[PDB]
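Here is the structure we will look at.
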Amino acid sequence: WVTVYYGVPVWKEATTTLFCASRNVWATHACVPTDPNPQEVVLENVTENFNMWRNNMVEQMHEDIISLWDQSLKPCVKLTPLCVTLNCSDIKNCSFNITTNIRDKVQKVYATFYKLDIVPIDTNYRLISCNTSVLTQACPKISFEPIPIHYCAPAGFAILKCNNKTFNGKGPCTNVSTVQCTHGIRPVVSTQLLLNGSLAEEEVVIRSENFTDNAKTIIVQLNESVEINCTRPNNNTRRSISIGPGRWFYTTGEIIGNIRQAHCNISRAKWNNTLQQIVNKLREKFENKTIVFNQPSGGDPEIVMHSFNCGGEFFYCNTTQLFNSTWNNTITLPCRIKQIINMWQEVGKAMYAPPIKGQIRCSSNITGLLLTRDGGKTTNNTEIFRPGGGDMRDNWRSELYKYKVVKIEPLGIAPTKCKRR
Amino acid sequence: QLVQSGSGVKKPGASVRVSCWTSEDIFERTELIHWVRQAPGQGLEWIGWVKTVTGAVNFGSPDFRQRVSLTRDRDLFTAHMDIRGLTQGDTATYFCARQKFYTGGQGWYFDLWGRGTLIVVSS
Amino acid sequence: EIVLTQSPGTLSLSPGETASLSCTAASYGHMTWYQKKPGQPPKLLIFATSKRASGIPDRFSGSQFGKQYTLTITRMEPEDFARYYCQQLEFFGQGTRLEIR
Amino acid sequence: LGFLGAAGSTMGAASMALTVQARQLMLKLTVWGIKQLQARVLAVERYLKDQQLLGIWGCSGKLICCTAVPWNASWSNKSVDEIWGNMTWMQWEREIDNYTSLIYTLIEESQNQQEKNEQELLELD
Amino acid sequence: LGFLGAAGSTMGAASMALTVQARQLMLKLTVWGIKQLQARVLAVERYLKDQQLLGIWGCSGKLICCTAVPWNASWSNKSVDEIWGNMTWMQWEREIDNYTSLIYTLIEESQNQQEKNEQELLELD
Amino acid sequence: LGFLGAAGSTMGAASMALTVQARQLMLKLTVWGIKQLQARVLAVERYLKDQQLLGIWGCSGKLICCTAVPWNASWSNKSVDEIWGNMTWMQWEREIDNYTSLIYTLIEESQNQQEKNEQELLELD
Amino acid sequence: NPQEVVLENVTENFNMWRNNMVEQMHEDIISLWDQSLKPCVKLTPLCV
Amino acid sequence: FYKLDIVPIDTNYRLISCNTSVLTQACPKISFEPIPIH
């Protein structure tokens, strides 16, 4: 009659706290359930509903990263003593009066600052982060190199993965695999272009929560990477200014060589081929017309410039040569360096990145784009796209678009013709 | 709610700085701050929006994209509209309004509107 | 523009009667409706085609008919003889008005 | 079949894999340490709630536990062959919304009466 | 009876409610979170100590588990009808202070000998 | 024998003490409090893994659980009297390195088939 | 009270220099020492 | 101060722990008497 079975392959959509598996800023020594191997259990005739924009895993990844980032800086040097009037000449070489280890004497010291880190007071400058936030110097021992982590379900939970390849980020998926842990995802911080992570299997896929709503970010996942060579050519030296009892400020000392602009080198042909595929897909998603790429109009750095974390330095690149193009040999993108970084759109906090002593060279992979549409009535048969959005959850949403977390509910009842003796 | 800058008169070619602001509780729950224009005798025209988190912007047409700078201040819980190159055709009441975080497909809808700043451009 | 044409332009109604306001789109996104009085900012009535904003009575409702979206105002009160507009994302319609018969 | 063996499509198709699934059920105040401790506690707490419940229905076996409870309504008006054939376990569960918490029509009462009866017979015979 | 069914007054009066009681047995470093985590761990640890103990006496049933242990002293010199009648379970327990930890007069030894004997017979017959 | 009774030297010498061992298995963010909480959770998690495993082999008894699994290789080519005599339990385990995780030669499959067979007979007879 | 259960014929390999218990005792003591001073008075004003 | 706690600056002295570490005074209520633990 009523018979109970235990261990049935039944699940419900649910959220749960996830844990990860794999000195670094994202710890990684605590995230040491150590990854064995994936199980990839393919479920015959199982369909499921996925929605990358309602994915709780994205919200947890964002929360874990910010709490780790802040936890790692908790014991680091505060730079409060630097919010004094600076006497700046020429990047600027600035001097100031700072209390020394014995707090009755004051030293006159020198340090450089990049122009983007200082603001005129009205040669009289202050650090920009003296009226809105408390500036903390990151400890020189902390690596900012992304190390992939894998999100793992607790024992009573499982992660379903969508293997449809051309999945649009929302709706039914008819090829579902069950795993305990996700692929490794590098917590890369970037804007405008998506770096590293993972490429599409076949075609460039353009996803959007809604293509007619210009307030939503269009996420473009490439099926081929573009390699970018970023350099900060100056031959630096590091200087250390005591600011207290066992505490010091790391700054840049005299430049050994000549001053040269930071820049990134992208192959022109590779970029053109990348755009042709993007254009073909936008043409399919909208309604033929032409595609115009253009420059972002936000004006200010951080909003309109591409950003990278390269060796620990923060680059802002003027990616206009990549988008000033209408569709029916290298490109050199100049970059600026900034030391005071509001990573994550936080209020009341700021980080000072210590300078790096040597020459910096990075090689990164462009694996995607974050684009927005130019709204308004179209007056021709064209649509205009610009780099945009900038919400960091969009970066993580892209990497996690394939996963859903479900709760296993192994106990249940089914009919028969049975009675206990 | 949504406190706004007062009205005034500008000569053609002048710039105007229109602003609005709110409480921490409202600003923190807003995804976008929109600006909407209403010329005397006309209906409503959308000008543009500013994301409160990233500072990203968008516009109703090139006639605004090339003249109107839209910004936000996340420490002060304010927003601004700087209109350069004012002409007589820009006489209108200018409203700020907010869009709460919403999912795609729900459409745009603005629960809260400011009172409207009146800008007159005249010789 | 060919999107969000509204009609009737002017509706001469008696108090207690029902207004019928139509907005036709060139595309299908959900429609949003507002009420306006001279000297005042508009008030949100309906959004996502049929949902109502807090503070809005059950006099106000709406629905979808393909690309046609409508707003119904029943048991109309004197306070409802206002200007109304439809919105579809970035566009607003011309607007219509209700007046006392 | 692997870990789930989902949609074996005859209901009992994956009944012999029920134990595959059943089996699957330093660090200070660092973020990852705290989250792992809560996850470990949750796994244990949930495991025990299921064992506790089986434990009062007279079940300790895993694959199948026959009871003494009849169907007092059709619930889902299908014969056994219409369920145990052409069907995924999840579809079967999906069919019943109203005999869920109410499916357990005092299974535990039947179990208690049986234990009481056994004690009386042991004392009397 | 509800959750306890206390003082049913015939001892066995609430014996059929024994399972009602048996069944009853985000957040960071905030005060309430820490206290809840400790409470959850405590509930589990205590639950298991009782199950572990029943588990070595040969008990898995819940209402009544008959053993093979005699009374080697009067303990409380009353007949069965003087206990299982006109009495609250708590009063019964209150009557015995000196055969508490000593009530378990090697119940587990009797259980071990029985398991050993069963194995020998299975190997021999 | 006490807690372990180690090296009773006939293997079964301390078999009757198996339950002695089985039985052995405010504070804020202070160092000792954190360590105690993790220790308590670990004890529970490990206890349950062993019970869970016995639970799918059809074992609930503690001293001895006879199975239906043959030796398919010599493993350790000794007669019963050469093991259960002149030997410490640890030495016995030490002798087998290659039939450890592989000792469990689908014990659970045998258990599943037995449970399935019992259900079929209960429905049929 | 201690149980002192003596194991007949049991031998074992001990190594005091590879003893994890030593490493834990060292770690516990230093973390306690520092934890106990966490709320105490800083003497920064005396570096004059 | 005891001589071992101070260093000349070059009668002008500083505490020795002003350039390498942050000096914290132990609370007078804390006993340092070893109590055995097991």
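So that you can tell them apart, the chains are marked A, B, C, D, E, F, G and H in the order they are listed, and the count of residues begins at 1 in each.
We take it that contacts are C-beta pairs under 8 Å (C-beta built on N, C-alpha and C of every residue); 3 or more make two chains touch, one makes a residue touch a chain.
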Hypothetical removal of chain A, resulting connected chain groups: B, C | D, E, F, G, H
item	value
Higher-contact pair (C-beta pairs counted), A-B versus A-H	A-B
Interchain centroid distance [CA atoms averaged], chain A/chain D, Å	43
Inter-centroid spacing, chain E versus chain B (mean Cα positions, whole Å)	72
Rounded Å distance between chain C and chain E, as computed from the means of their C-alpha atoms	70
Centre distance in Å when chain E and chain F are each reduced to the mean of their C-alpha atoms	25
Shared interface positions of chain D, touching two or more other chains	15, 18-19, 22, 25, 27, 29, 37-38, 40-41, 44, 47-48, 53, 60, 62-64, 66
Where chain C touches two or more other chains at once, by residue number	29, 89-91
Where chain H touches two or more other chains, by residue	14, 18, 22-23
Pairwise chain contacts under the document criterion	A-B, A-C, A-D, A-F, A-G, A-H, B-C, D-E, D-F, E-F, F-G, G-H
Touching residues on chain E, where the partner in the complex is chain D	15-16, 18-19, 22-23, 25-29, 37, 40-41, 44, 47-48, 60-64, 66
Residue ranges of chain G in contact with chain A within the complex	44-45, 47-48
For the chain H and chain A complex, residues of the former touching the latter	9, 14, 17-23
Footprint of chain B on chain A - complex, ascending	53-54, 132, 208-210, 213-216, 296-300, 302-303, 345, 347, 372-377, 388-391
Touching residues (chain side chain G, partner chain F) in the complex	3, 5-10, 28, 31-32, 35
